[PDB]
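work.csv, holding CSV, C-alpha atoms:
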```csv
chain,number,residue,atom,x,y,z
C,3,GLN,CA,9.4,-22.2,30.6
C,4,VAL,CA,9.0,-18.5,29.8
C,5,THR,CA,5.6,-17.3,28.6
C,6,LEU,CA,4.5,-13.8,27.4
C,7,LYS,CA,0.9,-13.0,26.7
C,8,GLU,CA,-0.5,-9.8,25.1
C,9,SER,CA,-3.9,-8.5,26.0
C,10,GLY,CA,-5.9,-5.5,24.6
C,11,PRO,CA,-9.3,-4.1,24.1
C,12,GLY,CA,-9.9,-6.0,20.8
C,13,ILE,CA,-11.6,-3.0,19.1
C,14,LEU,CA,-11.1,0.7,19.6
C,15,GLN,CA,-12.7,3.8,18.1
C,16,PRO,CA,-10.4,6.3,16.3
C,17,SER,CA,-8.8,9.1,18.4
C,18,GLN,CA,-8.9,6.9,21.5
C,19,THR,CA,-5.9,5.6,23.5
C,20,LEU,CA,-4.7,2.1,23.0
C,21,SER,CA,-3.7,0.4,26.3
C,22,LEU,CA,-1.9,-2.9,25.8
C,23,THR,CA,-0.6,-5.3,28.5
C,24,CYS,CA,2.1,-8.0,28.3
C,25,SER,CA,1.7,-10.5,31.1
C,26,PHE,CA,4.8,-12.8,31.5
C,27,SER,CA,5.9,-15.7,33.6
C,28,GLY,CA,9.0,-17.7,34.1
C,29,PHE,CA,11.4,-14.8,34.8
C,30,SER,CA,11.5,-11.4,36.5
C,31,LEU,CA,11.9,-8.1,34.6
C,32,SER,CA,13.8,-6.9,37.6
C,33,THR,CA,16.7,-9.4,36.9
C,34,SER,CA,19.8,-7.6,35.6
C,35,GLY,CA,19.9,-7.7,31.8
C,36,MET,CA,16.2,-8.5,31.1
C,37,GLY,CA,14.1,-6.3,28.8
C,38,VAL,CA,10.9,-6.5,26.8
C,39,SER,CA,9.9,-4.9,23.5
C,40,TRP,CA,6.5,-4.1,21.9
C,41,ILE,CA,6.2,-4.9,18.2
C,42,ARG,CA,3.3,-4.8,15.8
C,43,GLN,CA,2.4,-6.1,12.3
C,44,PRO,CA,-0.1,-3.7,10.7
C,45,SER,CA,-2.7,-5.2,8.3
C,46,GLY,CA,-1.0,-6.1,5.0
C,47,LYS,CA,2.4,-4.8,6.1
C,48,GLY,CA,5.6,-6.2,7.7
C,49,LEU,CA,6.5,-6.2,11.4
C,50,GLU,CA,7.4,-2.9,13.1
C,51,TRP,CA,9.3,-2.4,16.4
C,52,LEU,CA,7.6,0.1,18.8
C,53,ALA,CA,9.5,0.4,22.1
C,54,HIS,CA,11.7,-1.5,24.5
C,55,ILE,CA,12.0,-1.3,28.3
C,56,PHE,CA,15.0,-2.6,30.3
C,57,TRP,CA,15.2,-4.0,33.9
C,58,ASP,CA,16.3,-0.6,35.2
C,59,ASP,CA,13.4,1.3,33.6
C,60,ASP,CA,15.5,2.6,30.8
C,61,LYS,CA,13.1,3.1,27.8
C,62,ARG,CA,13.8,3.3,24.1
C,63,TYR,CA,11.3,4.3,21.4
C,64,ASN,CA,10.8,4.1,17.6
C,65,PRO,CA,11.7,7.7,16.7
C,66,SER,CA,8.9,7.8,14.1
C,67,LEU,CA,6.3,7.0,16.7
C,68,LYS,CA,8.0,8.3,19.9
C,69,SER,CA,5.5,11.3,20.4
C,70,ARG,CA,2.6,8.8,20.5
C,71,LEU,CA,4.1,6.0,22.6
C,72,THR,CA,4.6,5.3,26.3
C,73,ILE,CA,6.1,2.1,27.6
C,74,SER,CA,6.1,1.2,31.3
C,75,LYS,CA,6.3,-1.8,33.6
C,76,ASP,CA,5.0,-3.2,36.9
C,77,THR,CA,7.4,-5.9,38.0
C,78,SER,CA,5.4,-6.7,41.1
C,79,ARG,CA,2.6,-8.0,38.7
C,80,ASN,CA,4.9,-9.3,35.9
C,81,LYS,CA,3.4,-6.8,33.5
C,82,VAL,CA,4.7,-4.5,30.7
C,83,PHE,CA,2.4,-1.9,29.3
C,84,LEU,CA,2.1,0.1,26.1
C,85,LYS,CA,0.0,3.2,25.5
C,86,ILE,CA,-0.6,4.5,22.0
C,87,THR,CA,-2.5,7.9,21.8
C,88,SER,CA,-4.9,9.1,19.1
C,89,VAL,CA,-5.3,5.8,17.1
C,90,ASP,CA,-6.5,5.6,13.5
C,91,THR,CA,-6.8,2.8,11.0
C,92,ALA,CA,-3.0,2.6,10.6
C,93,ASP,CA,-2.9,1.2,14.1
C,94,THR,CA,-5.0,-1.9,13.3
C,95,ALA,CA,-2.5,-4.7,13.8
C,96,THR,CA,-1.5,-7.7,15.8
C,97,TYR,CA,0.6,-6.5,18.7
C,98,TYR,CA,3.4,-8.7,20.1
C,99,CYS,CA,5.7,-8.5,23.1
C,100,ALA,CA,9.1,-10.2,23.1
C,101,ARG,CA,11.9,-10.7,25.6
C,102,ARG,CA,15.6,-10.0,25.1
C,103,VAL,CA,18.2,-11.2,27.6
C,104,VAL,CA,21.7,-9.7,27.9
C,105,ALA,CA,24.2,-11.5,25.6
C,106,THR,CA,27.1,-10.7,23.3
C,107,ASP,CA,24.5,-10.7,20.5
C,108,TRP,CA,21.1,-9.0,20.5
C,109,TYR,CA,18.0,-11.1,19.8
C,110,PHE,CA,14.5,-11.8,21.1
C,111,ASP,CA,14.6,-15.2,22.6
C,112,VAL,CA,10.9,-15.6,23.5
C,113,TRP,CA,7.8,-14.0,22.0
C,114,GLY,CA,4.1,-13.9,22.8
C,115,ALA,CA,1.5,-15.2,20.3
C,116,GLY,CA,0.1,-11.7,19.7
C,117,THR,CA,-3.1,-9.9,20.2
C,118,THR,CA,-5.2,-8.4,17.4
C,119,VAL,CA,-6.6,-4.9,17.7
C,120,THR,CA,-9.0,-3.4,15.1
C,121,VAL,CA,-9.5,0.3,15.0
C,122,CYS,CA,-13.1,0.8,14.0
C,123,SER,CA,-14.1,2.7,10.8
C,124,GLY,CA,-17.4,4.5,11.1
C,125,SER,CA,-19.7,5.1,14.0
C,126,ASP,CA,-20.4,8.7,15.1
C,127,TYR,CA,-21.5,8.7,18.7
C,128,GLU,CA,-23.7,11.8,18.4
C,129,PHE,CA,-25.2,10.5,15.2
C,130,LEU,CA,-26.1,7.1,16.8
C,131,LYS,CA,-27.6,8.8,19.9
C,132,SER,CA,-29.9,10.7,17.5
C,133,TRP,CA,-31.1,7.3,16.3
C,134,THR,CA,-34.4,5.9,17.8
C,135,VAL,CA,-34.3,2.7,19.8
C,136,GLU,CA,-36.2,0.8,17.1
C,137,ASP,CA,-33.7,1.8,14.5
C,138,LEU,CA,-30.8,0.9,16.7
C,139,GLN,CA,-32.4,-2.4,17.7
C,140,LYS,CA,-33.3,-3.2,14.1
C,141,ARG,CA,-29.7,-2.6,12.9
C,142,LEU,CA,-28.3,-4.7,15.8
C,143,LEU,CA,-30.5,-7.7,15.2
C,144,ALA,CA,-29.8,-7.5,11.5
C,145,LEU,CA,-26.0,-7.7,12.0
C,146,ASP,CA,-26.2,-11.3,13.4
C,147,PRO,CA,-27.4,-13.1,10.2
C,148,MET,CA,-24.8,-11.3,8.1
C,149,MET,CA,-21.8,-12.2,10.4
C,150,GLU,CA,-23.0,-15.8,10.4
C,151,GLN,CA,-23.0,-16.1,6.6
C,152,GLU,CA,-19.5,-14.7,6.5
C,153,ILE,CA,-18.3,-17.2,9.1
C,154,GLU,CA,-20.0,-20.1,7.4
C,155,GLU,CA,-18.2,-19.3,4.1
C,156,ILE,CA,-14.9,-19.6,6.1
C,157,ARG,CA,-16.1,-22.9,7.6
C,158,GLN,CA,-17.0,-24.4,4.3
C,159,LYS,CA,-13.8,-23.1,2.7
C,160,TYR,CA,-11.8,-24.9,5.4
C,161,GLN,CA,-13.9,-28.1,5.4
C,162,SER,CA,-13.1,-28.6,1.7
C,163,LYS,CA,-9.4,-28.2,2.6
C,164,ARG,CA,-9.6,-30.9,5.3
C,165,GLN,CA,-11.2,-33.5,2.9
C,166,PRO,CA,-8.2,-34.3,0.7
C,167,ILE,CA,-6.1,-34.7,3.9
C,168,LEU,CA,-8.6,-36.8,5.8
C,169,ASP,CA,-8.9,-39.2,2.8
C,170,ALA,CA,-5.2,-39.8,2.6
C,171,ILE,CA,-5.1,-40.6,6.4
U,1,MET,CA,31.7,-8.1,25.3
U,2,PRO,CA,28.1,-8.2,26.6
U,3,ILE,CA,25.6,-5.7,25.2
U,4,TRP,CA,23.6,-4.7,28.2
U,5,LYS,CA,21.3,-2.2,26.5
U,6,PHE,CA,21.5,-1.7,22.7
U,7,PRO,CA,24.7,-1.7,20.6
U,8,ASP,CA,26.6,1.5,21.4
S,2,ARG,CA,19.0,6.6,8.8
S,3,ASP,CA,16.8,3.6,9.7
S,4,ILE,CA,18.2,0.2,8.5
S,5,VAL,CA,15.7,-1.1,5.9
S,6,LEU,CA,15.5,-4.9,5.5
S,7,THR,CA,14.5,-6.1,2.0
S,8,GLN,CA,13.4,-9.7,2.3
S,9,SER,CA,12.6,-11.9,-0.7
S,10,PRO,CA,10.6,-13.6,-1.8
S,11,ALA,CA,7.3,-12.5,-0.4
S,12,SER,CA,5.9,-15.9,-1.2
S,13,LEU,CA,7.7,-19.2,-1.7
S,14,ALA,CA,5.8,-22.2,-3.1
S,15,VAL,CA,8.2,-25.2,-2.8
S,16,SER,CA,8.0,-29.0,-3.3
S,17,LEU,CA,8.5,-31.3,-0.3
S,18,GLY,CA,12.1,-32.4,-0.3
S,19,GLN,CA,13.6,-29.4,-2.1
S,20,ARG,CA,15.8,-26.6,-1.0
S,21,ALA,CA,14.2,-23.3,0.1
S,22,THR,CA,16.3,-20.1,0.3
S,23,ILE,CA,15.1,-16.8,1.7
S,24,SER,CA,17.1,-13.6,1.2
S,25,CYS,CA,17.5,-10.4,3.3
S,26,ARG,CA,19.4,-7.4,2.1
S,27,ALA,CA,20.1,-4.6,4.6
S,28,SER,CA,20.4,-0.9,3.5
S,29,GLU,CA,23.6,-0.7,5.6
S,30,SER,CA,25.9,-3.0,7.4
S,31,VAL,CA,24.6,-4.8,10.5
S,32,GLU,CA,28.1,-5.8,11.7
S,33,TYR,CA,29.2,-4.8,15.2
S,34,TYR,CA,32.7,-5.5,16.5
S,35,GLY,CA,33.0,-9.1,15.5
S,36,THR,CA,29.3,-10.1,15.5
S,37,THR,CA,26.5,-9.6,12.9
S,38,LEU,CA,23.2,-8.6,14.5
S,39,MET,CA,20.9,-10.4,12.0
S,40,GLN,CA,18.2,-12.9,13.2
S,41,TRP,CA,15.8,-15.2,11.5
S,42,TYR,CA,12.4,-16.2,13.0
S,43,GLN,CA,9.7,-18.7,12.1
S,44,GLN,CA,6.1,-18.0,12.7
S,45,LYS,CA,3.1,-20.5,12.6
S,46,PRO,CA,-0.5,-19.3,12.7
S,47,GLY,CA,-1.6,-18.5,16.2
S,48,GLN,CA,1.8,-19.3,17.7
S,49,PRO,CA,4.6,-17.2,19.1
S,50,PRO,CA,7.4,-16.5,16.6
S,51,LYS,CA,10.3,-18.8,17.2
S,52,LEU,CA,13.9,-17.8,17.0
S,53,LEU,CA,15.8,-20.0,14.4
S,54,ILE,CA,19.1,-18.2,13.7
S,55,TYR,CA,20.9,-15.4,15.6
S,56,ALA,CA,24.1,-13.5,14.8
S,57,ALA,CA,23.6,-14.5,11.1
S,58,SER,CA,24.7,-18.1,11.4
S,59,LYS,CA,24.2,-19.4,15.0
S,60,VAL,CA,21.4,-22.0,15.4
S,61,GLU,CA,19.2,-21.7,18.5
S,62,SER,CA,18.6,-24.7,20.7
S,63,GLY,CA,15.7,-26.9,19.6
S,64,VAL,CA,16.0,-25.9,15.9
S,65,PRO,CA,16.2,-28.7,13.3
S,66,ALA,CA,19.5,-29.2,11.5
S,67,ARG,CA,17.7,-28.5,8.2
S,68,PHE,CA,18.0,-24.7,9.0
S,69,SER,CA,21.2,-22.8,8.4
S,70,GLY,CA,22.0,-19.1,8.2
S,71,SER,CA,24.7,-17.3,6.3
S,72,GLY,CA,25.8,-13.9,5.1
S,73,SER,CA,27.9,-10.9,6.0
S,74,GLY,CA,27.6,-7.1,5.9
S,75,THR,CA,24.3,-6.5,4.1
S,76,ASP,CA,23.4,-9.8,2.4
S,77,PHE,CA,22.0,-12.7,4.4
S,78,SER,CA,20.1,-15.9,3.6
S,79,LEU,CA,18.2,-18.6,5.4
S,80,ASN,CA,18.5,-22.1,3.9
S,81,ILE,CA,16.1,-24.9,4.6
S,82,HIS,CA,17.0,-28.3,3.2
S,83,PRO,CA,15.3,-30.6,2.8
S,84,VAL,CA,11.9,-28.9,3.3
S,85,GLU,CA,9.5,-30.9,5.4
S,86,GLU,CA,5.8,-30.4,6.4
S,87,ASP,CA,6.8,-28.8,9.7
S,88,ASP,CA,8.6,-26.0,7.8
S,89,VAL,CA,5.4,-24.5,6.2
S,90,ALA,CA,5.4,-21.2,8.0
S,91,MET,CA,6.0,-17.4,7.9
S,92,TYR,CA,9.7,-16.4,8.1
S,93,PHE,CA,11.2,-13.0,8.7
S,94,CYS,CA,14.6,-11.5,9.3
S,95,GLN,CA,15.4,-8.9,12.0
S,96,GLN,CA,18.4,-6.6,12.6
S,97,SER,CA,19.6,-5.4,16.0
S,98,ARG,CA,22.5,-3.2,14.8
S,99,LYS,CA,20.7,0.1,15.2
S,100,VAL,CA,17.6,1.5,16.9
S,101,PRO,CA,14.9,1.4,15.5
S,102,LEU,CA,14.9,-2.4,15.3
S,103,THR,CA,13.6,-3.4,11.9
S,104,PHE,CA,12.2,-6.5,10.3
S,105,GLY,CA,12.0,-8.0,6.9
S,106,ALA,CA,8.4,-7.9,5.4
S,107,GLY,CA,8.2,-11.7,5.6
S,108,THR,CA,8.2,-14.8,3.4
S,109,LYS,CA,5.2,-17.1,3.3
S,110,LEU,CA,6.5,-20.6,2.7
S,111,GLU,CA,3.8,-22.9,1.2
S,112,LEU,CA,3.8,-26.3,-0.4
S,113,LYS,CA,2.9,-27.2,-4.0
S,124,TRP,CA,3.0,-38.9,2.9
S,125,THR,CA,3.0,-40.1,6.5
S,126,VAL,CA,0.0,-40.0,8.8
S,127,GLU,CA,2.0,-37.8,11.2
S,128,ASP,CA,2.6,-35.2,8.5
S,129,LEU,CA,-1.0,-35.4,7.3
S,130,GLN,CA,-2.3,-34.9,10.9
S,131,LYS,CA,0.1,-32.0,11.4
S,132,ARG,CA,-1.3,-30.5,8.2
S,133,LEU,CA,-4.8,-31.2,9.3
S,134,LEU,CA,-4.1,-29.7,12.7
S,135,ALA,CA,-2.4,-26.7,11.1
S,136,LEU,CA,-5.7,-25.7,9.4
S,137,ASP,CA,-7.5,-24.9,12.6
S,138,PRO,CA,-5.5,-21.8,13.8
S,139,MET,CA,-5.8,-20.4,10.3
S,140,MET,CA,-9.6,-20.7,10.3
S,141,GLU,CA,-9.8,-19.3,13.9
S,142,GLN,CA,-7.7,-16.3,12.8
S,143,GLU,CA,-10.0,-15.6,9.8
S,144,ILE,CA,-13.2,-15.9,11.9
S,145,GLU,CA,-11.7,-13.7,14.6
S,146,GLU,CA,-11.2,-10.9,12.0
S,147,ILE,CA,-14.8,-11.3,11.1
S,148,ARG,CA,-15.9,-11.1,14.7
S,149,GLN,CA,-13.9,-8.0,15.4
S,150,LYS,CA,-15.2,-6.3,12.3
S,151,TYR,CA,-18.7,-6.9,13.5
S,152,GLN,CA,-18.1,-5.9,17.1
S,153,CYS,CA,-16.9,-2.6,15.6
S,154,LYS,CA,-20.5,-2.1,14.3
S,155,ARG,CA,-22.4,-3.7,17.2
S,156,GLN,CA,-20.8,-2.0,20.2
S,157,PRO,CA,-21.6,1.6,19.2
S,158,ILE,CA,-25.2,0.5,18.8
S,159,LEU,CA,-25.3,-1.3,22.1
S,160,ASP,CA,-23.7,1.7,23.8
S,161,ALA,CA,-26.3,4.0,22.3
S,162,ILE,CA,-29.2,1.9,23.7
S,163,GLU,CA,-27.6,1.7,27.2
S,164,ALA,CA,-27.2,5.4,27.3
S,165,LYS,CA,-30.9,5.9,26.6
```

As structure tokens:
Amino acid sequence: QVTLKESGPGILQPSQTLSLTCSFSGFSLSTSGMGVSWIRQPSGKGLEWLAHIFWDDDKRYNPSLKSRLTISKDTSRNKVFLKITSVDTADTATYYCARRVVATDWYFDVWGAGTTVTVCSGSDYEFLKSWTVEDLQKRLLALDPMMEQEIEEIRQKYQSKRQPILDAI
Amino acid sequence: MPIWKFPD
Amino acid sequence: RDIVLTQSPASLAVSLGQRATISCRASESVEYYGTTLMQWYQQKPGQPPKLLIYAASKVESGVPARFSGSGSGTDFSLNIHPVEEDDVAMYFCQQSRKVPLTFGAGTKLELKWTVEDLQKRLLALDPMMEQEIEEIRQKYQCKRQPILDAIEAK
């Protein structure tokens, strides 16, 4: 079978460059007529096509984002790459890669499952260096109990969803 | 007619 | 300039056994010399989108016969009949007539019984939970990593 897998940094501070990698198996991007697109779904919005690269290194870009995007490939490692410069909160999204094979129609026949990237909101580097170690350590250790309570709400919300099903079984 | 790149 | 795809409804609550219909209207024709470059995809939580329909009405291999596509020019529809548990999913249209490629904004198909269907529904809950927790984890890593990086620099 044909598999595509997106990988990324997970989180990224604003103004940094996003480097995404699509690792694929089951075919060669050097085969005549193969190509791979990058696509994204921003938070609370619909899917958006970014760029496509063909077996012969021909590259096509979304004109609205062209000046920020760079698509590329390394067929010796079965990898397709995307670079997005100067990210902000509008680049928080799940990023997908998808294959298209030459045909009389034009469609993606196989997709990856996607990778989620969150562009971070607020954390000034110079501001945080000015913090003392105790202040930094206190804030860090305090972040754990809060995350756990947020996760537990999710777990309880989904345990109550399983109960009606588990009873009928 | 195959479409090798995009519809043109 | 860009072809805009208007997909409706955003959300579809249906009863098991009924007909579901999803609509896509394009801002200009997606026809191209005897073929219509309109696709429909299905997406389950945490899974790769799956092609259902291409060239408006052609069914992809491995797609249940309950799915059909129709339409011409600018108006397209996906029809699911009868709706089954396995059809609870996100659906979206996609045009390939012009660059940039564009997508409909999506239809979330939800329901308003066999043990196989009930286990499928039970199993389907886990990737949704995992997705919600991962959003929480990434939100907090956004706050933790600047702090950890400040300590390491010191």

Identify, on the basis of all atoms listed in the file, every residue whose closest approach to residue S:92 does not exceed 7 Å; exclude the query and any residue fewer than 6 positions from it along the same chain; express the result as a short mmCIF file (atom, residue, chain, number, x, y, z; two decimals) with C-alpha atoms, in the frame of the given file.
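So part_30.cif came out as:
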```cif
data_model
loop_
_atom_site.label_atom_id
_atom_site.label_comp_id
_atom_site.auth_asym_id
_atom_site.auth_seq_id
_atom_site.Cartn_x
_atom_site.Cartn_y
_atom_site.Cartn_z
CA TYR S 42 12.40 -16.20 13.00
CA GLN S 43 9.70 -18.70 12.10
CA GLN S 44 6.10 -18.00 12.70
CA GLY S 107 8.20 -11.70 5.60
CA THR S 108 8.20 -14.80 3.40
CA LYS S 109 5.20 -17.10 3.30
#
```

Can you list, as a list in words, every protein, DNA or RNA residue that comes within 9 Å of residue C:73 when you count all atoms listed in the file, leaving out same-chain residues fewer than 5 positions away?
->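 Residues meeting the cut-off are residues 39, 40, 53, 54, 55, 61, 62, 63, 82, 83, 84 and 85 of chain C.
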
Could you make a table, as CSV, of the residues of chain S that have an atom within 10 Å of an atom of chain U, each with its nearest atom pair and distance in Å to one decimal, counting only C-alpha atoms, in chain and number order?
```
residue,atom,partner,partner_atom,distance
S:33,CA,U:7,CA,7.7
S:34,CA,U:1,CA,9.2
S:35,CA,U:1,CA,9.9
S:38,CA,U:7,CA,9.3
S:97,CA,U:7,CA,7.8
S:98,CA,U:7,CA,6.4
S:99,CA,U:7,CA,7.0
S:100,CA,U:6,CA,7.7
S:102,CA,U:6,CA,9.9
```

Between atom CA of residue S:17 and atom CA of residue S:72, what is the distance, to one decimal in Å?
->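 If I compute the distance from atom CA of residue S:17 to atom CA of residue S:72, I get 25.1 Å.
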
Could you pull the residues within 12 Å of residue C:148, counting all atoms listed in the file, minus those fewer than 3 positions along the same chain, as a ChimeraX atom specification?
-> /C:141-145,151-155 /S:147-148,150-151,154

What is the atom CA of residue C:122-atom CA of residue C:16 distance in Å, reported with one decimal?
-> 6.5 Å

So how far away is atom CA of residue S:46 from atom CA of residue S:137, in Å?
->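 The value is 9.0 Å.
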
Under the rule of at most 10 Å, produce a per-residue listing of chain C near chain U: chain, number, name, the closest pair of atoms, and the distance in Å, as a tab-separated table, using only C-alpha atoms.
```
residue	atom	partner	partner_atom	distance
C:34	CA	U:4	CA	8.8
C:35	CA	U:4	CA	6.0
C:36	CA	U:4	CA	8.8
C:37	CA	U:5	CA	8.6
C:54	CA	U:5	CA	9.8
C:55	CA	U:5	CA	9.5
C:56	CA	U:5	CA	7.4
C:57	CA	U:5	CA	9.8
C:60	CA	U:5	CA	8.7
C:61	CA	U:5	CA	9.8
C:62	CA	U:6	CA	9.3
C:102	CA	U:5	CA	9.8
C:103	CA	U:4	CA	8.5
C:104	CA	U:4	CA	5.4
C:105	CA	U:2	CA	5.2
C:106	CA	U:2	CA	4.3
C:107	CA	U:3	CA	6.9
C:108	CA	U:3	CA	7.3
```

Please return, as number ranges by chain, all residues of chain S lying within 7 Å of chain C when only C-alpha atoms are considered.
-> S: 36, 38, 40, 47-50, 52, 55-56, 97, 101-107, 126, 129, 133, 140, 144, 149, 151, 153, 155, 157-158, 161-162

Since the input lacks some atoms of stretch 22-36 of chain S, please model N, CA, C and O atoms and print them as a tab-separated table (two decimals), in the coordinates of the input.
```tsv
chain	number	residue	atom	x	y	z
S	22	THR	N	15.34	-21.18	-0.09
S	22	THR	CA	16.30	-20.10	0.30
S	22	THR	C	15.51	-18.81	0.41
S	22	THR	O	14.75	-18.45	-0.50
S	23	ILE	N	15.74	-18.09	1.49
S	23	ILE	CA	15.10	-16.80	1.70
S	23	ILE	C	16.21	-15.77	1.92
S	23	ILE	O	17.21	-16.04	2.60
S	24	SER	N	16.03	-14.59	1.33
S	24	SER	CA	17.10	-13.60	1.20
S	24	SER	C	16.70	-12.35	1.98
S	24	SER	O	15.52	-11.98	1.99
S	25	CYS	N	17.68	-11.71	2.60
S	25	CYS	CA	17.50	-10.40	3.30
S	25	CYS	C	18.66	-9.56	2.93
S	25	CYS	O	19.82	-9.96	3.09
S	26	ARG	N	18.38	-8.37	2.39
S	26	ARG	CA	19.40	-7.40	2.10
S	26	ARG	C	19.15	-6.16	2.94
S	26	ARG	O	18.03	-5.64	2.94
S	27	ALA	N	20.17	-5.72	3.67
S	27	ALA	CA	20.10	-4.60	4.60
S	27	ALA	C	20.55	-3.31	3.85
S	27	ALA	O	21.46	-3.37	3.01
S	28	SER	N	19.96	-2.17	4.20
S	28	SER	CA	20.40	-0.90	3.50
S	28	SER	C	21.73	-0.44	3.99
S	28	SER	O	22.33	0.41	3.33
S	29	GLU	N	22.23	-0.95	5.12
S	29	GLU	CA	23.60	-0.70	5.60
S	29	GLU	C	24.04	-1.88	6.41
S	29	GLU	O	23.24	-2.73	6.77
S	30	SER	N	25.34	-1.91	6.73
S	30	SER	CA	25.90	-3.00	7.40
S	30	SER	C	25.27	-3.24	8.80
S	30	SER	O	24.97	-2.28	9.51
S	31	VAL	N	25.04	-4.50	9.16
S	31	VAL	CA	24.60	-4.80	10.50
S	31	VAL	C	25.66	-5.45	11.36
S	31	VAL	O	25.38	-6.03	12.40
S	32	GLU	N	26.92	-5.30	10.94
S	32	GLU	CA	28.10	-5.80	11.70
S	32	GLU	C	28.35	-4.92	12.91
S	32	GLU	O	28.14	-3.70	12.88
S	33	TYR	N	28.88	-5.53	13.98
S	33	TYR	CA	29.20	-4.80	15.20
S	33	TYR	C	30.30	-5.49	15.96
S	33	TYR	O	30.05	-6.42	16.72
S	34	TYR	N	31.53	-5.02	15.75
S	34	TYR	CA	32.70	-5.50	16.50
S	34	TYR	C	32.78	-6.97	16.64
S	34	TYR	O	32.83	-7.53	17.74
S	35	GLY	N	32.81	-7.65	15.50
S	35	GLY	CA	33.00	-9.10	15.50
S	35	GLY	C	31.76	-9.92	15.67
S	35	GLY	O	31.88	-11.12	15.94
S	36	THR	N	30.58	-9.32	15.55
S	36	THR	CA	29.30	-10.10	15.50
S	36	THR	C	28.40	-9.35	14.54
S	36	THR	O	28.53	-8.15	14.29
```
